[PDB]
Amino acid sequence: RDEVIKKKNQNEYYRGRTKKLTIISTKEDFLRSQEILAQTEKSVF
Amino acid sequence: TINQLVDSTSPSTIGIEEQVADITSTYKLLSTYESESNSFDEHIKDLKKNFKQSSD
C-alpha cells in the first residue's frame, strides 16, 4: 500500500513530464525572422 | 492487498491474472485452514460432550 501511494505520486509526475514541458519559441522565432527578413544586404555593403 | 493491487497495477500492463489466481488459491487455502480449525473446535465440543456423558 505504501508503494501504491508512492507510485500514485509518480503518476503525478504527470506534472513531471507535463508541467515541465517546445514550440512557443519556434512559432515566435519564425515571426521574429519573418519580420526581420523584410528589415534586411551584404551585396549593398 | 486487493485495493492496493487495483491502485498500483498499470491498466496498460497485463499479467495480473497469475497474481490473482495465486492469491485466490492462497485465500481458499487460508479459508480452508480456518474452516478446519472451526470444525476442529466443533468436533472438540461434541467430543467433550460425548466423553463427559460416557465417563459420567
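Residues numbered from 1 in each chain as written, not as in the entry; some residues may be left out. Chains lettered and ligands numbered in written order. Part of a larger assembly, values for the part shown. Heavy atoms only, no water. Residues with missing side-chain atoms left out of burial classes, pairs and counts.

- Regarding how it was determined, this PDB entry cites cryo-EM in its header, along with a resolution of 8.0 Å.

**What about the side chain of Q4 of chain B?**
For step 1, the next point in the chain: Structurally, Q4 of chain B is set in helix 1 (residues 2-8).
For step 2, the next point in the chain: Among all residues touching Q4 of chain B, those that are not within four sequence positions of it are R1 and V4 of chain A. (Helix = DSSP H or I, 4+ residues; strand = E, 2+ residues; numbered from the N terminus. Contact = heavy atoms within 4.5 Å.)

**Section: a nonpolar patch on the surface**
For step 1, the next point in the chain: Residues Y27, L29, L30 and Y33 of chain B make up a contiguous nonpolar surface patch of roughly 450 Å² in combined accessible area.
For step 2, the next point in the chain: Tracing the chain through its elements places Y33 of chain B in helix 2 (residues 17-55). (Patch = residues over 30% accessible without salt bridge, like charges linked within 9 Å, V, L, I, M, F, W, Y side chains within 5 Å. Areas by Shrake-Rupley, 256 points an atom, 1.4 Å probe, with all protein chains shown as cover. Salt bridge = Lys/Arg side-chain N within 4 Å of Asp/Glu carboxyl O.)

**Quick word on the pattern of salt bridges**
All names here are of chain B.
For step 1, the next point in the chain: A complete count under the given rule lists 4 salt bridges over all chains for this structure.
For step 2, the next point in the chain: Salt-bridge contacts for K45 lead to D41; the nearest nitrogen and oxygen are separated by 3.1 Å. Residue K45 and its partner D41 are located together in helix 2, separated by 4 residues, close to a single helical turn.
For step 3, the next point in the chain: Under the relative-accessibility criterion, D41 is labelled partly exposed at 35%. (Buried < 20%, exposed > 50% of the residue type's maximum accessible area, 1.4 Å probe, protein only.)

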